[PDB]
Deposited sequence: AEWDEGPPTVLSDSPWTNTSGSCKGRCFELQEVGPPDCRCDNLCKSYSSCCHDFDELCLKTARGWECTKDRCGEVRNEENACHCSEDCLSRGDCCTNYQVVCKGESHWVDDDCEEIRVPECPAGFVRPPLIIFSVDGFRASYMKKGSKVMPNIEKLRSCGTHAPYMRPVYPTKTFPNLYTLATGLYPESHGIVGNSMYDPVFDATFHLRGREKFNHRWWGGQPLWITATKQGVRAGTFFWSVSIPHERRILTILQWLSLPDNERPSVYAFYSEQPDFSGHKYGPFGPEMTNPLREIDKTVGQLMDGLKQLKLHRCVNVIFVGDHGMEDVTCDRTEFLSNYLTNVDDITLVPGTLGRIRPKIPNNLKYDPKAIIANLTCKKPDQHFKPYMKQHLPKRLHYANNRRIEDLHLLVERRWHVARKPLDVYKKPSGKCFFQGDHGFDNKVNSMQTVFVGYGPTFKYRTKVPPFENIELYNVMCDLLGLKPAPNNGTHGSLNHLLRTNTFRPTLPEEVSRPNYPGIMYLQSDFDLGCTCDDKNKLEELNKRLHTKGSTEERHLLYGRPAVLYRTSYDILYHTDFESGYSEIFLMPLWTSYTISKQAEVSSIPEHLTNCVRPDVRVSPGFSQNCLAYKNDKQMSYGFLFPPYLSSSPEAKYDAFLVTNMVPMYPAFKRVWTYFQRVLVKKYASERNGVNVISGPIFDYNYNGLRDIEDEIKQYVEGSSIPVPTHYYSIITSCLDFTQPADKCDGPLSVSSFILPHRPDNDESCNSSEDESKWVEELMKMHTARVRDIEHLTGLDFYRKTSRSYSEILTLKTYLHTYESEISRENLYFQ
């Protein structure tokens, strides 16, 4: 209980940790009905508005006023933000020219540049194009500071998951806020936008920036503001806190606005009604920068201007209804709209039939505007499966559409797949620690927590950013990364066996009379991947490829090869169709066997280096080695053969050659991390040959396309995929057609970062290059989006 009778005199917005039964005066008290009775009279002054006027200049200080224009206000720290402009012939910050900030210019008593995070909700990246005509203060920050053309949010692209990802560096499946609404089957409790449950700390995982700061002795201003505190008051409060005594002043601050999200929902992102809220946000940035200038802090503080997600055109007329597909929608609960999550209405209802539901939702209308997925089948790049709050059945919804259970005040919405263009949002950093007038490539919001820790001198808690990948945003305070240590060194087996030693069931129609040589220099362009876990594997060399063959998983961990721009594609000769060859370098006991494949009526096999790309008819025989074989369902072979036979050469032709590394991934427990042996759950029939859940490929070339991939001087260009290894093509509605009509569409959906592959394989790539380690970390976080 809270003793309301207390008072907020000289307590306004205090940074005091104060609770039961004492009444509060802090920026969150209203949200807890815990404010002293006079909080609103003393702390939320509104009198005479937010701007000094010429008449008020040198007034007698009335403490009833929202802000002051009296002679004393400046050292007191509570001037209106335009005080000096109106009353002292100063210029607005926006009217001053940009000048480089080479070191911080902070008042005596400041030991580090403060960080202010200015977050804006639903700020679509493309709004920045409106430029200084609409948002001159923001445009100054953008042009003079360090800006990305956009920042990628996390999925789902809604507020709670994204704000908490920004604060923690974690994917939602890890921090726990997997939605704006969620059901937790263990709590048997429901988190809603509206209401009290969300205040319970049990929902919120990981460690947010303000906690990391506090635990390391850095004072944070309170990040959250009760919704009733107006933006102008939030700015005045931040400015007041910055004027505190050296022993009280915080080092990190956050401002938040619900705009332009609110207006985007009402009017849509391209509505003329959007100009006004963008102007209002810019005005707020203006007040902040004018205020900082009056305090002599505009060349001292680092400012981050960042959004949570964008906004798409979505209206009532574009709604799919589950009742058009399913007979009894009254028995399910749907988290609806721009994504779908389905569970039974009655928790654990034994009559719930998810396989039947998914069957009725799969490719049932030719224009269908969503696609069902069991969560383990969602693109791995979404990282959206490893949490009990994520329903098994998910609907990925097409941009511009809604999905609803059964049968207009809105024109915009968000929540869609985070690679969708309209979902991208904004990042600008301005201040002494950021670079001056620098554009940087788009990057993901999970990376910002490490950077904010760097800006504040903090050691980040374990998170999903790749620390160092954003060093190029910073003038100083960079993080020096260190290459992870190789755990398992390879073996280099020679010939140790005779064809006679092998009883595998393999046959091939293949003068009786494979050294390293230049294999590595040609086919392994960036060094051998390091194996970061304890295991046993062999380097195997060939004319056309090299591989790291695992003696434990009975297949290559990786297979590396380079295809020139001019390379020749050739067939598999009829007499070699079923050819599999024993590999005399590897024990028969560490080899697969063709009999398992014969016996398994559902499982077939494929190859990592494709016979289609062999350099000569004799080199082609290497491609049929048992050590180049992997288990593949026929459905998957449709994709894989098309990739191997058509696409790789297409990429080589377009990129002036390519280097490919391909391989298996085991993620049976869908946690985005390499499985240990115990976690593998499927084997080829009658064998101990494990079945990959996915196959990856990493395709690298020279960023300067005028240079061949094998003679590249400078930066690299990479695209990668993590393809789901599935027994059917139900995901691809057009799969009955020729592969030229559907395979590339599937691959684009399952694009991936090299970093994603590293997590899933326990491998570390690009260890031997001419680039810096920070540059390589940037490369490994790149996602080719195809938008």
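Absence of C-alpha coordinates is noted for several segments of the deposited sequence, namely 1-15, 423-432, 536-538, 542-546, 821-831.
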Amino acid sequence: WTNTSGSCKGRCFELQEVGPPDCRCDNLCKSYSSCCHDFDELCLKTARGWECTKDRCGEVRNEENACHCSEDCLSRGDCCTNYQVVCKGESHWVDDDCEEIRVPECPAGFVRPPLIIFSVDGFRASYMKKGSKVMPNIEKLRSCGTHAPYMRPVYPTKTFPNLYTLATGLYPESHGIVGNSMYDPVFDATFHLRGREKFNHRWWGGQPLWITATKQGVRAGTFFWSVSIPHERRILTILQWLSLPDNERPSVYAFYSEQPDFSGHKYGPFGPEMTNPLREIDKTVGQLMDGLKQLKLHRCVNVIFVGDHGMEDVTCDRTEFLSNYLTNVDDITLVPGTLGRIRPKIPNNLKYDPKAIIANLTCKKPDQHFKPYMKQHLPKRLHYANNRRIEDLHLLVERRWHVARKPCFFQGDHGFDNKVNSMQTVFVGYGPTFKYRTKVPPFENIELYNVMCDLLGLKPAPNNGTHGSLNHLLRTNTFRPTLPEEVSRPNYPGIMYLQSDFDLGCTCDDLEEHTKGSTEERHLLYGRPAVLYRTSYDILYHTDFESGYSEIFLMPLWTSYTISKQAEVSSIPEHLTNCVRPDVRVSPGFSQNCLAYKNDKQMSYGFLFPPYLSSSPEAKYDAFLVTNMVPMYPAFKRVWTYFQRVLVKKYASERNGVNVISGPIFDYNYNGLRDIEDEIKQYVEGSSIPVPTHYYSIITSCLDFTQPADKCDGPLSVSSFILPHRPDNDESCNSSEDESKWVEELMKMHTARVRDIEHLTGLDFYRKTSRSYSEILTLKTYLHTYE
From here on, numbers count along this sequence of modelled residues.
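Each form is matched to the other, and the largest set of C-alpha atoms that superpose within 1.5 Å is called the rigid core.
Stretch 25-33 is the one, of 25-33 and 717-725, whose CA positions lie farther from the shown form in 8 other deposited structures of this protein once all structures are superposed by the rigid core. Of the two stretches examined, 346-354 and 359-367, the one with higher mean CA deviation in 8 other deposited structures of this protein after a rigid core fit is 346-354. The stretch with the higher mean CA B factor, choosing between 285-293 and 162-170, is 285-293. Judged by mean Cα B factor in the deposited record, 614-622 ranks above the other of 614-622 and 472-480. Looking only at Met135, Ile211, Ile495, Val403, the residue with the top Cα B factor in the deposited structure is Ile495. Among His298, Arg341, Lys375, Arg194, the highest C-alpha B-factor recorded in the PDB entry belongs to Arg194.
In this PDB entry, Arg56 carries a Cα temperature factor that places it within the highest third of its chain's modelled residues. For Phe590, the recorded CA B-factor ranks within the highest third of the chain. Only modelled residues enter the ranking. Per the PDB record, residue ranking by Cα B-factor puts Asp261 in the lowest third of the chain. Among all modelled residues in this chain, the alpha-carbon of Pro573 has a temperature factor (C-alpha) in the highest third. Per the deposited record, the Cα B-factor of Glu63 falls in the highest third when ranked against the other modelled residues of its chain.
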